[PDB]
Amino acid sequence: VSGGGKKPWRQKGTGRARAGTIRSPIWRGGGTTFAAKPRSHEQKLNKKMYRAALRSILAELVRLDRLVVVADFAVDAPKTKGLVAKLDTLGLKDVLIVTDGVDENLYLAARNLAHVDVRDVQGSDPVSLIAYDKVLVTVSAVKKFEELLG
Amino acid sequence: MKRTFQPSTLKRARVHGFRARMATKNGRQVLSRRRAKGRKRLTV
Amino acid sequence: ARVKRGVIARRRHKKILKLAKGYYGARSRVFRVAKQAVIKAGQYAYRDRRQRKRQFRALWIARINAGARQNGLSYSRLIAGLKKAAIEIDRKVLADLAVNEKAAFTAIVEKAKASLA
RNA sequence: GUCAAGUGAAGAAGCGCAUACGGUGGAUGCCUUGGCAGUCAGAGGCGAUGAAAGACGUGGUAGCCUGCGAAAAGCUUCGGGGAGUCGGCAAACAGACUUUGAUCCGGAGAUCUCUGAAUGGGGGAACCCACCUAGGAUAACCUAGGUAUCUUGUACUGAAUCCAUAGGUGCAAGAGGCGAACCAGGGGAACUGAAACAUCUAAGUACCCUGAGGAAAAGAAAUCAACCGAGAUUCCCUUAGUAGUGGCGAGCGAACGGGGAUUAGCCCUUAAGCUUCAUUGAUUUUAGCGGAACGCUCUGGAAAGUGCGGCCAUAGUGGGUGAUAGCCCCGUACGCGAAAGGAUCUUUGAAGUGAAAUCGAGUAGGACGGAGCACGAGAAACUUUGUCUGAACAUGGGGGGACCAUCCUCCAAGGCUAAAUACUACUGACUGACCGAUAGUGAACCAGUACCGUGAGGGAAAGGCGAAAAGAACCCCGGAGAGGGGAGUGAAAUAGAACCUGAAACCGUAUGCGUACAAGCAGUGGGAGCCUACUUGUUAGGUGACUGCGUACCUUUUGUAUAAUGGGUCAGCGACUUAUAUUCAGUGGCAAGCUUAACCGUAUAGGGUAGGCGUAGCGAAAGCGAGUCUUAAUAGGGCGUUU
RNA sequence: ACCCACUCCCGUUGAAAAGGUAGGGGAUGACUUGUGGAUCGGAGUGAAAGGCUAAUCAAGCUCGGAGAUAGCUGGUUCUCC
RNA sequence: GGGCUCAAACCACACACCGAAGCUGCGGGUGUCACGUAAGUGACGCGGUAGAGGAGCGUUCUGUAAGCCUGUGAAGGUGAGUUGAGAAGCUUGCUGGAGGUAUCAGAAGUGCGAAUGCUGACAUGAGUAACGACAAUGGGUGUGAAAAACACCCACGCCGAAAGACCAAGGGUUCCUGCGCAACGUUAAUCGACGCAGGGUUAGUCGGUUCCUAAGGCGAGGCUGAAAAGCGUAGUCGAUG
RNA sequence: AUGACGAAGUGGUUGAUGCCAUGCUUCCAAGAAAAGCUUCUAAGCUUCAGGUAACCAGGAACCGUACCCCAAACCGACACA
RNA sequence: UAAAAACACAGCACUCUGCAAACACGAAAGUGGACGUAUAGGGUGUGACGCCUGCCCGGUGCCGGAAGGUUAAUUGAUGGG
RNA sequence: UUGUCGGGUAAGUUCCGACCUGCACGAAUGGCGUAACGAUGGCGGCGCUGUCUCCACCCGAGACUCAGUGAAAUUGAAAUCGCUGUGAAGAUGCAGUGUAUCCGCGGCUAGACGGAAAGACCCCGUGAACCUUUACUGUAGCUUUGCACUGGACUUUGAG
Ligand SMILES: [Mg+2]
Ligand SMILES: [Mg+2]
Ligand SMILES: [Mg+2]
Ligand SMILES: [Mg+2]
Ligand SMILES: [Mg+2]
Ligand SMILES: [Mg+2]
Ligand SMILES: [Mg+2]
Ligand SMILES: [Mg+2]
Ligand SMILES: [Mg+2]
Ligand SMILES: [Mg+2]
Ligand SMILES: [Mg+2]
Ligand SMILES: [Mg+2]
Ligand SMILES: [Mg+2]
Ligand SMILES: [Mg+2]
Ligand SMILES: [Mg+2]
Ligand SMILES: [Mg+2]
Ligand SMILES: [Mg+2]
Ligand SMILES: [Mg+2]
Ligand SMILES: [Mg+2]
Ligand SMILES: [Mg+2]
Ligand SMILES: [Mg+2]
Ligand SMILES: [Mg+2]
Ligand SMILES: [Mg+2]
Ligand SMILES: [Mg+2]
Ligand SMILES: [Mg+2]
Ligand SMILES: [Mg+2]
Ligand SMILES: [Mg+2]
Ligand SMILES: [Mg+2]
Ligand SMILES: [Mg+2]
Ligand SMILES: [Mg+2]
Ligand SMILES: [Mg+2]
Ligand SMILES: [Mg+2]
Ligand SMILES: [Mg+2]
Ligand SMILES: [Mg+2]
Ligand SMILES: [Mg+2]
Ligand SMILES: [Mg+2]
Ligand SMILES: [Mg+2]
Ligand SMILES: [Mg+2]
Ligand SMILES: [Mg+2]
Ligand SMILES: [Mg+2]
Ligand SMILES: [Mg+2]
Ligand SMILES: [Mg+2]
Ligand SMILES: [Mg+2]
Ligand SMILES: [Mg+2]
Ligand SMILES: [Mg+2]
Ligand SMILES: [Mg+2]
Ligand SMILES: [Mg+2]
Ligand SMILES: [Mg+2]
Ligand SMILES: [Mg+2]
Ligand SMILES: [Mg+2]
Ligand SMILES: [Mg+2]
Ligand SMILES: [Mg+2]
Ligand SMILES: [Mg+2]
Ligand SMILES: [Mg+2]
Ligand SMILES: [Mg+2]
Ligand SMILES: [Mg+2]
Ligand SMILES: [Mg+2]
Ligand SMILES: [Mg+2]
Ligand SMILES: [Mg+2]
Ligand SMILES: [Mg+2]
Ligand SMILES: [Mg+2]
Ligand SMILES: [Mg+2]
Ligand SMILES: [Mg+2]
Ligand SMILES: [Mg+2]
Ligand SMILES: [Mg+2]
Ligand SMILES: [Mg+2]
Ligand SMILES: [Mg+2]
Ligand SMILES: [Mg+2]
Ligand SMILES: [Mg+2]
Ligand SMILES: [Mg+2]
Ligand SMILES: [Mg+2]
Ligand SMILES: [Mg+2]
Ligand SMILES: [Mg+2]
Ligand SMILES: [Mg+2]
Ligand SMILES: [Mg+2]
Ligand SMILES: [Mg+2]
Ligand SMILES: [Mg+2]
């Protein structure tokens, strides 16, 4: 904190409580006692711990009927209207789309959609696999999941 | 009772003015410090 | 991250002062004075749950003594007589009879007098 | 009826409690104008062509801020732009400008007082006094330019002193000063720790000083290694808190080796580079342009909210708009855009430099005294040098931690060299399990201000009407006041300008009950009466006569009502955190294995298994090994082995 | 006059962070005084009291090392078992 | 303490009774064991500082959440009722006028009465002390909303080697005039060194500048010094002359 | 305030700490400097320039100036004994 | 909060100092001493004046001496590895 | 020790003179005297007096009352009596008892261990500062010698 080098008054005699600085954390406008500094919050997760959690999530998604498997999923043009029509045929509104390789047109078509996310297999984090109402996954991405976690 | 401040603008200038400060290197440091803090008044 | 204490602190202080209602001076207006008064009143209230049972029994026994002496018996002789003749009417009910049902109380005293001799 | 005795309400100067309504005050909530921290870029300097920083001026009207400089909220021009404009506090009237394209935005020019390195001389900064040249006025001057010092170079002159030299004069080029950090170097504490203290630590830290650059420094083995080899420098992770060092105290603390990031080497028989000026193309930056798609209905002051039905999306969690908007506005994704200037890459060319010339001699080595190497004299190698000395010449020399021999490895006393690395005062964008007016910058507000100080220096407080001023015409009291009462505006005025909400302390007015024969932590247990309200008395609320019991709290103590400590009260703030190593427990993953670090990675994935721990111990150790150590001992015994 | 400060009283939240009233000493001198200047922090200056160096002196003030250190004092905030 | 004496004292004996949060009764909660693979039963426990162990409440932010609630009224504020063993929760009247957040997780600037704590506000003392030289006032008139204090007049009193008039330093508009009185003035104020506006300072001779130097400063070269610098020559400043 | 006129306006005495006086006397502690000013020349200049005197003509720039100043305006936080 | 008997003082004495003085401030240059030169300058003590100022050189200091002992850096005989 | 004697007083731990038994004077840290001087210490006297016996009266300024303005320290909260006991050992608050209607104003200071300043005395802390010295360890300065700058010559000086 700015200033605060000088002792505000002599230690004895004035009748006040003894003070060393006007920036004591006791004082208004003084320092924060345990002032924060920029620190990192990332924990370590074991590689196998991460994979075991992914296996648990994938098994639970199948058991809860929240996993939808399709042979393929491609859109022709990067049009949001086209993707909405495709997902309405499958009856999906809140959905995470997992593909082996994220298509450039598919990425653009889903960018503005409210509750639709398109991810590569490597990009399918535990949080997105749980948050989204359904996880539509292609057959190619299912096999790519098997190689990674099995 | 004579008090400690007996004003003399000539003495004030010769001891604390701009040219008194610029004459030495520690005086130039005062002007650098007071410019860095942004003092509206630099010398007296 | 930063947590202001104003709303929670005000709710705490108001609960204490609401309990200090009716107290004199600072004991009903000033928090750190009202806080001591609310604690002390609680200490008294806990202790006076015990003392109330003693106070009422002393009151029953005194009224039974007055009622029985009107019938020729002291309290101690009546209680001994009420044990010789197995009468288990307690002192709260006995003190109510001695005041409100004097004919009933006289019958009990005569039953104790007969039992003694 | 008289007397007597007994009993006895009501009558409160004031006070208490409750409730209602106010006042003061400015908490809380909500909000944001401002901050804080990162990430990605940019730029890494400005200055004698006058800087940073200022003073004084400059406007129709006073001041201050902003801009600008006697050409003075500005002039010229080139682009953008297309209807308003004459900056803000902070408006009111004036006078104007503008589709003959103004205001505004960007590039380039012009002007640019005075002070400040300040530089013609002087000086108490913003002032005083000059000289020289050229021109033009005749009076008492005017315009333009020049006039500092030092360094380098050059020309002319030039003493003591003959030649010279020192010196002097002119000219040309350059420098000086400022800036938060980063870099290299000179000088260099103490508190503190060692539970005292001197060696030691703190620490080559703080600070002072010098120099340079966008980076700097270093850098191409007289280097390690170990008989195998590696192959400049710099940086990150390990090795490892190990070897060692240390009043062997407190502490300090490697390297070898390994994994990575970057990669580059060139010359003294004169090069790679670097600088400048051309020059060929690429980008990039400094203004901008277009940019989709919504209606009805209900509540409402107002619709974006309700209900119903649509459409756009490479644009959907942006900011506003009278409450919550993809489709109302500004934007956003996306696609275009430069007359002119800046910058970065490049293709050639030109000089300049690197440049020390020509392979290193007062050098290597040595003695003394220091310093550094993790290494404090130690058995002390190596580097460096204040004093003093002092080689050899590849058939030579340096190192391999005393020293010697053998072996290996290198070639010092000459140079230049990018990248990976450090930092952010500054500019832009983006972001936040950051703050939200006692917080966050000291500073949200005309803050480094007010104020305090001789001075260096210290250093505040202070945000919110409403959607919109619609900011209350008019009437009345009042001093042609202050302040109010109406009226009106507004959805709301107890939103009325000290204006959102509007807490507490604290101060009042009103009502109810209690209170003037009564002794103390002021309550608590019992409890009459009165009052109020309905539920009309086994009720609720207020008060509470009388009475039992009863010496606050915190701290500190053997022990506190203590006449021990602390607190006038309220409101806000105010104290076990964080990082890195580690042990134990719990709970998970994997399991004779487990796990990665740096780093890479269209990046929380995946790779990377160098390293760490474990699977074997004993011994000081060589070593041996389910054994080992001690010992003459295969005996005893120690530790270990059956998980 | 001016410089000084011996006594008493007052004043002591003062008119005043050292004064006032009444008395007192020096008053051509080692005098008093204005303006300007020099000397300062382990330093100055001192007819010497550890005096004075901006109401601060047995080592000024200001900023920095710095959040020195404090085996000491104080304080340490919601609930229940 | 009142009072007490064939006691209300003392000695002995006896039968009664009072007396605690002890024991029992009745209702409830909780700990640990055991039986229970259950709800629950059984037994024994349940004062407590330092301290260890266990289980929770609440606050701010993040996710859940482009959800849900909300102008038919959010947060906050202020009452009432009600629920739990507690931290606390819930419902509602009024105020308020735009935000809030279920649940379960995750993070903390997470809880205040003390620190002669810090900042602001406001009390008590108390309408008390004081209103700053004991040189001194009285009256009349005017103006004004209002006059002890302003202006004028008539008196009185005080200073007069100053309490008068100046120059310097220092200050800086305080000077004068018109309007004005909120605050400032230790009271009031029409008055003012106060507020708003306007005006006012005229030099050959006064004082500066300019000329000259004192102490002293700076100081080309120079000498000295790790650097920063120190000293000083030529010079150049510097009045108090 | 307004604009014309306006009488007397003379002797004596006393008399400074002011002036002569930067003098005079005396003493010891022995009492600024520089320039302006007068004069003399050197280098230079030699009909010149420059100097002197007279007359005529003209000029004298810039800054301060209000006000308080033993004080209510300065130093003392104050309209401060 | 001390004005004194404290400090100073004239006078006295001791001692240092031959001038580039001793001594002091300064890393140094330099400066003061002093534009002085032992009748001078510094330091120390005493404190007008009058009468005086006695004894002790063991300790410590200072001054003078240098036969002997001891004694630094340095040098490196000799011995042992 | 107020030594003893003498003087001074009615009475003199002070004073003056003296004695010498100097706890523990003493000769330039000077001894002993000393005119003059001193806001210097002690003692005595004259005068003078409200210093006092012993205070009285008077005059101004406060205090007091009214009108205007308007602080302070302190403060856990107060419904804040005596006495005797008790008690962290000296009680407005505890026990017992006595007294006592409620509330101001002028006064006074016995208490509220009254207010003010984290006692300064005392002790402690392996606290600080500054001062001293023949405490320790250092060090500026001063001084000794070697080597360097640094040379020629001649002479007294050991071994080759
Ligand atoms: Mg802060
Ligand atoms: Mg990984
Ligand atoms: Mg009344
Ligand atoms: Mg100049
Ligand atoms: Mg100059
Ligand atoms: Mg010659
Ligand atoms: Mg430079
Ligand atoms: Mg220590
Ligand atoms: Mg540069
Ligand atoms: Mg380089
Ligand atoms: Mg080889
Ligand atoms: Mg659009
Ligand atoms: Mg609204
Ligand atoms: Mg070489
Ligand atoms: Mg060497
Ligand atoms: Mg070597
Ligand atoms: Mg070796
Ligand atoms: Mg080389
Ligand atoms: Mg702030
Ligand atoms: Mg607020
Ligand atoms: Mg209406
Ligand atoms: Mg609002
Ligand atoms: Mg309001
Ligand atoms: Mg009564
Ligand atoms: Mg009472
Ligand atoms: Mg009750
Ligand atoms: Mg009682
Ligand atoms: Mg004790
Ligand atoms: Mg007790
Ligand atoms: Mg107490
Ligand atoms: Mg008490
Ligand atoms: Mg207290
Ligand atoms: Mg006299
Ligand atoms: Mg002393
Ligand atoms: Mg002082
Ligand atoms: Mg010190
Ligand atoms: Mg430190
Ligand atoms: Mg501290
Ligand atoms: Mg019984
Ligand atoms: Mg019981
Ligand atoms: Mg029990
Ligand atoms: Mg039970
Ligand atoms: Mg128990
Ligand atoms: Mg318990
Ligand atoms: Mg909130
Ligand atoms: Mg509080
Ligand atoms: Mg507490
Ligand atoms: Mg009083
Ligand atoms: Mg009074
Ligand atoms: Mg009074
Ligand atoms: Mg007065
Ligand atoms: Mg009035
Ligand atoms: Mg006067
Ligand atoms: Mg005036
Ligand atoms: Mg007034
Ligand atoms: Mg005025
Ligand atoms: Mg000089
Ligand atoms: Mg020079
Ligand atoms: Mg001059
Ligand atoms: Mg003068
Ligand atoms: Mg004048
Ligand atoms: Mg004062
Ligand atoms: Mg006055
Ligand atoms: Mg005055
Ligand atoms: Mg005195
Ligand atoms: Mg003496
Ligand atoms: Mg005698
Ligand atoms: Mg005698
Ligand atoms: Mg003596
Ligand atoms: Mg002698
Ligand atoms: Mg003497
Ligand atoms: Mg005298
Ligand atoms: Mg009054
Ligand atoms: Mg007592
Ligand atoms: Mg009194
Ligand atoms: Mg006291
Ligand atoms: Mg103490």
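Scope of the values below: all heavy atoms of this structure, side chains included, with no hydrogens, waters or symmetry mates. Below, chains carry the letters A, B, ... as their sequence lines are ordered, and counting in each starts from 1.
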Whether each nucleotide of nucleotides 74-87 of chain F has a protein heavy atom under 4.0 Å at its base (B), only at its sugar-phosphate (S) or at neither (-) is summarised, 5' to 3', as ---SSSS------S
Two-distance pair test I:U84 I:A95, Watson-Crick or wobble, each under 3.5 Å: yes
Side-chain heavy atoms of C:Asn71 within contact of C:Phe105, under 4.5 Å: yes
Kindly give the atom pairs (protein nitrogen or oxygen, nucleotide nitrogen or oxygen) under 3.5 Å for nucleotides 67-78 of chain G.
residue: G:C75; atom: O2'; partner: B:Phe5; partner atom: O; Å: 2.8
residue: G:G76; atom: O2'; partner: B:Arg3; partner atom: NE; Å: 3.1

In residues 15-39 of chain C, what donor-acceptor pairs under 3.5 Å come from side-chain atoms, sequence neighbours left out?
residue: C:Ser28; atom: OG; partner: C:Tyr23; partner atom: O; Å: 3.4
residue: C:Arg29; atom: NH1; partner: C:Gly25; partner atom: O; Å: 3.0

Charged tip of C:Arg50 within 45° of C:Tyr46 ring normal and under 6.0 Å: yes
Check every strand shown and say whether C:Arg47 touches a base, only sugar-phosphate, or nothing at a heavy-atom separation below 4.0 Å. base
N/O (side chain, C:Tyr24) to phosphate O (OP1/OP2, D:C521) under 4.0 Å: no
Scan A:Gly4 against the nucleic acid and name what it touches under 4.0 Å (heavy atoms): base, sugar-phosphate only, or nothing. sugar-phosphate
Going 5' to 3' through nucleotides 438-448 of chain D and flagging B where a protein heavy-atom sits under 4.0 Å of the base, S where only the sugar-phosphate is that close, and - otherwise, we get BSS-B-----B
With respect to the phosphate group of D:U449, does any side-chain polar atom (N or O) of B:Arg41 fall under 4.0 Å of OP1 or OP2? no
For B:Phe18 and D:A125, are the ring centres under 5.5 Å apart with planes inclined under 30°? yes
At under 4.0 Å between heavy atoms, how does the protein contact nucleotides 504-515 of chain D? Give one character per nucleotide, 5' to 3', with B, S or -. -SS---------
Within 45° of the axis and under 6.0 Å from the centre of the six-membered ring of A:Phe73, does NZ or CZ of A:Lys86 qualify? yes
Between D:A429 and D:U39, is a Watson-Crick or G-U wobble pair present, with both distances under 3.5 Å? yes
What about D:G525 and D:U424: are they a Watson-Crick or G-U wobble pair, with both distances under 3.5 Å? no
Given Watson-Crick or G-U wobble geometry and both distances below 3.5 Å as the test, should D:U569 and F:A121 count as paired? yes
Rounded P spacing from D:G63 to F:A197 in Å: 11 Å
Report yes or no: is D:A198 base-paired to F:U78 (Watson-Crick or G-U wobble, both distances under 3.5 Å)? no
Check whether any side-chain N or O of C:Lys40 sits under 4.0 Å from OP1 or OP2 of D:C521, and answer yes or no. no
Reading nucleotides 213-241 of chain F from 5' to 3' and marking B where a protein heavy atom lies under 4.0 Å of the base, S where only the sugar-phosphate is that close, and - otherwise, the string is ---------------SS--------SS--
Taking the sign of the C1'-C2'-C3'-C4' torsion, positive for north and negative for south, which way does the sugar of H:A34 pucker? south
Once you apply a heavy-atom cut-off of 4.0 Å, does A:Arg39 come out as touching a base, just sugar-phosphate, or nothing? sugar-phosphate
Walk along nucleotides 315-320 of chain D from 5' to 3' and tag each nucleotide B, S or - by protein heavy-atom contact under 4.0 Å, base first, then sugar-phosphate. SB----
Give each protein N/O atom lying under 3.5 Å from an N/O atom of nucleotides 324-330 of chain D, with the pair distance.
none

According to a strict under-4.0 Å criterion, is A:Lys6 in side-chain N/O contact with OP1 or OP2 of E:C63? yes
Could you check whether B:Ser32 gets within reach of a base, just the sugar-phosphate, or nothing at all, counting any heavy atom under 4.0 Å? sugar-phosphate
Only pairs at least two apart or in different chains count here, so list each side-chain hydrogen bond (donor to acceptor under 3.5 Å, both in side chains) that has a residue in residues 89-101 of chain A. A:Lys93-A:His115
Going by ring-ring contact (aromatic ring centres under 6.0 Å, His included), name the pairs with one or both residues in residues 2-48 of chain A, residues two or more places apart or in two chains. A:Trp9-A:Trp27
Report yes or no: do H:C52 and I:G30 constitute a Watson-Crick or wobble pair with both atom distances shorter than 3.5 Å? yes
Going by chain and number, the hydrophobic cluster around A:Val137 (ILVMFWY, side chain to side chain under 4.5 Å) further includes A:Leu45, A:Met49, A:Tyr50, A:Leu54, A:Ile57, A:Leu58, A:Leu61, A:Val62, A:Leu67, A:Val69, A:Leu96, A:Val98, A:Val121, A:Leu129, A:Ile130, A:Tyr132, A:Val135, A:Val139, A:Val142, A:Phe145, A:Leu148, A:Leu149
Side-chain H-bond candidate by donor/acceptor type, A:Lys7 with A:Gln11, under 3.5 Å: yes
List, with names and distances, any nitrogen or oxygen atoms from the protein found under 3.5 Å away from nitrogen or oxygen atoms belonging to nucleotides 68-77 of chain E.
residue: E:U73; atom: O2; partner: A:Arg18; partner atom: NH2; Å: 2.7

Watson-Crick or G-U wobble pair, D:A287 with D:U539, both distances under 3.5 Å: no
Partner of F:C156 under the Watson-Crick or G-U wobble criteria, both distances under 3.5 Å, comes out as none
